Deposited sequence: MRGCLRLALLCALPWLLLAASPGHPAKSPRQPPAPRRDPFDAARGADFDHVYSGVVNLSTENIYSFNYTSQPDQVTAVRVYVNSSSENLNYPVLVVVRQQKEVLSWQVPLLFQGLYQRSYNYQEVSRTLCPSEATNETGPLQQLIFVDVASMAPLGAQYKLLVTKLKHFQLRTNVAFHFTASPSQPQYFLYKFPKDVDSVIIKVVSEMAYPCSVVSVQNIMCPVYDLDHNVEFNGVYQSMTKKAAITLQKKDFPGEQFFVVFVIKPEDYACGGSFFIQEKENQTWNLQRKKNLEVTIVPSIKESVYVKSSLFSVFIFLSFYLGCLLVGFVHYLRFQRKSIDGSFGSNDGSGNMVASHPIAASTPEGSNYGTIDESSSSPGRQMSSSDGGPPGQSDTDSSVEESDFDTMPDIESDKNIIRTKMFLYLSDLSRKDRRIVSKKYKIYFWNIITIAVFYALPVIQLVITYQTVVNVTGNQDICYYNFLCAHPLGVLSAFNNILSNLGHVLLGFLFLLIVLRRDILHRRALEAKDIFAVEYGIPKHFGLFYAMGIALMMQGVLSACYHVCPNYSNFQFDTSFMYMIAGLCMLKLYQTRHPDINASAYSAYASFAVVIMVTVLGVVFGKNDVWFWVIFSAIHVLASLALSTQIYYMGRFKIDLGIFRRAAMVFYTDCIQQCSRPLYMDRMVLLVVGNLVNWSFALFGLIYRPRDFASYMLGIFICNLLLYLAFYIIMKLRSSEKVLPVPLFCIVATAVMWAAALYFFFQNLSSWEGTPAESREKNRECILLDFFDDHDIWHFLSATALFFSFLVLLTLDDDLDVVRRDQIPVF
């Protein structure tokens, strides 16, 4: 007959084909209080052809499972768990009902000829409901999923569920579901409703109160039987003995914290706008107290078009990804910094888009500065001011305009990328900064070799080639050492050939015989100069540039960075700064000066590039690995509770590029001299 049974009592028994064991559990749920029941069954018996069958009957629901619980892994590997445990979906007592009397039946059965042994334990969860800002520690398992209840407070309108574990394995899933039964807490149904994240050691889910009827939800923790989805293997979690006993226990700590208010949004947007409008204010003001004592059109049409063919396939995509899985609840599509990702409307990380405002604002400010210089210059030729026709270097502002437009387009492209960062998207974070870098290095060349220009397509088919190399080296050459040696050879030889041909010899000429000329340069210690040469300054700087590029390629060879786009960005930034330094050193070697404005811009360039590169090396997310592996890297916001390290990288890279543009524009202003230069 029925066995009136007690909570928190361990019942041991034996069940064969003849005898089936019933247990009755009676309990009362009081209003304004939620009681969850947890059933544990373990079975020392190990005969997988006669498992123990457990049935839990409630008033409105039935649950059933086998002990041992069997899982099937990839490559036909099978696991069995002798301890199974489940929380029964609770019906919460309200004032409509009063004290609810609840009955629960537990059937244990088996078809074994001689019965199977089992232990049963039914408990009431003392801590089923999670509290705001209180950290809760618990343990889960592939055969013992967990879930807890959270009720939104009356003033909180949005929360973040932050889940932390100290070990990466076992791979896990954190799901948020509504409180209507049933709860989907099994491996095969957690990803059906609600919003979920795969997790190794970090998860962070942002929830709005308006998405949940009753202002409540369940947080479900389901441990996976293998680690393939998290970047591991069949069994890379070593906990226990491999003798008829298997557990993948995971220690978890969950904290549900309220999100930032709209005051933080307002304050951060105001800060982001005003720090870069202070640039406009300072520039105009200092220029107007200093005042107190077109062939370039096509250039615009050059970059914008290249931007369009570059910027449209990414927009099309993020619009899709920001939606086509937003409604799905799968938060493994976009690789956000989920610990600093503040939503606004349909944007899941509005701070990552807002931090790109500096690129646009400073690109426009530089366009205004170049426009004023172009206007004053073109005006000075109209009055035939002799200081404009036969004094100083001939000016061609057509490439500074491209610099400013490219800065703005970099802001736009990186914002579009940060709408949803993933693997089909990565280059749009920093690839246009190659173009910018190129446009600067070219401007370093044409500032003293002015009558050399091919700005139709060879100036941008180079960008196409660089993008091809970067993308196909990320996709097809992840760390394959046969790719890295080939690319290092290309890097070293390009660096030597082009540096000996363009920097040395001063010619923009791209033959096959550059190598021959690169033999003609220095294999001449017994032809041209001694170890105490005459025009050594160019040769030492050539050797130093080649040494820097060789060291860079060597570090890339040993360390083999999987993020090859950031590595290419490092190549370009390093070479830009190196040849800018070489130009300044050559200016100082001559009798030329460095006026106060370019001097301040040089110091600001160095400082901003150091700071920007510090914040660039803070890895807060990935796309190389799995979403859980990238979530391992997430960090809280570092500035104003709104911006993380990558946002500061955006700000400071915009500022550093702006000041490098200013150096390029204002370096040669000391040449108010009639043209007798080299």
Deposited positions without coordinates, collected into consecutive stretches in sequence order = 1-41, 335-438, 824-827
